[PDB]
């Protein structure tokens, strides 16, 4: 298994999948009511111009999460099948004019595998240095792009506004591209200050990749949103049009409707449900010997756990035998895999029952 997706494949057909980060819990009542009008949404998607549906979907999802200054003129937000598709467009776009990319480490490994597969070299930036300290002028001058995941995956760490401001400002000095993956944006209110405000204010060249997938159990019906400053001067628009005409108006209508249910109280319900499920795993494992939780303040839908006397791979292997699937964290540490030798990632975007089943099996594996 050469990336976390190949580990996650093994989980997809198991009742005890706690590996991939997609939302697989039950629909709420308000979400089921949306599913129930799909034949009506379908007809609306046949009948209306996609540009109207698309605008309403973007307006609903950005405002929902505080990004009021998002560029709303047609063309500026590029709807992609997935955040990974948005990522490939950007990585291939960079490769034309950039050699090296400074990337937060750790982070989800397909970000690095895509950047490398498109010919970019990476220089890692540990999280401490990223947040708690400016970045070295020797660094910025040697890279064409800076790339942050916030909320990060697997750590949940949020880039504070103050530091986002400084970072965009540093990038403006060097004419460097500043890129953000905000897939997890909706789980943590610390991420809902208007990033398009600080970004457009610094006036650097910037790219943001939003994602609607993680948040709601939509059966992987979703969009990645690629937003770029007017001065990006990367060929993201042409490469986008090489790949797709657009996304399905029905998926867009569904984003709109799920965004509106989130704004009528569904997002608070979701933050609570994720908190409950985080409590449930911590309740069952903090008292075990060796077990610590390194992201004590994470609000993300995935949770890391650390053990002191065995390797995260070995926990994975022992877990498999009882039909439970999580992720070994080595590969999140894409620049030094050993950094994640003693950790596994657990998915919380699951209904509480099979989650509890899984951690109790995790308990027993650890008490061996």
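Residue numbers count along the first chain shown, from 1.
*Asks:* Please work out which of 55 to 63 and 312 to 320 has the higher mean CA B-factor as recorded in the PDB entry.
*Replies:* Higher mean C-alpha B-factor in the PDB entry: 312 to 320.
*Asks:* Looking at the deposited entry, does 221 to 229 or 154 to 162 carry the larger mean Cα B-factor?
*Replies:* Mean B over CA atoms: larger for 154 to 162.
*Asks:* Reading the B-factor column of the entry, which of 249, 186, 235, 74 has the highest value at its C-alpha atom?
*Replies:* Spelled out: the listed residue with the top C-alpha B-factor is 74.
*Asks:* Using only the C-alpha B-factors in the record, can you name which of 115, 143, 272, 85 has the highest?
*Replies:* If I rank 115, 143, 272, 85 by C-alpha B-factor, first place goes to 143.
*Asks:* Name the third of the chain's ranked CA B-factors that contains residue 6, choosing lowest, middle or highest.
*Replies:* Lowest third, going by the recorded CA B-factors of the chain.
*Asks:* Could you look up the Cα B-factor of residue 348 in the entry and say which third of the chain it sits in: lowest, middle or highest?
*Replies:* It belongs to the lowest third of the chain when residues are ordered by C-alpha B-factor.
*Asks:* Would you mind checking where the Cα B-factor of residue 283 ranks among the modelled residues of its chain, as the lowest, middle or highest third?
*Replies:* Highest third, going by the recorded CA B-factors of the chain.
*Asks:* When the deposited Cα B-factors of this chain's modelled residues are ordered and cut into thirds, is residue 192 in the lowest, the middle or the highest one?
*Replies:* As the PDB entry reports it, the C-alpha B-factor of residue 192 lands in the middle third of its chain.
*Asks:* Give the position of residue 46 by CA B-factor within its chain, expressed as the lowest, middle or highest third.
*Replies:* For residue 46, whose C-alpha B-factor we compare with every modelled residue in the chain, the answer is the lowest third.
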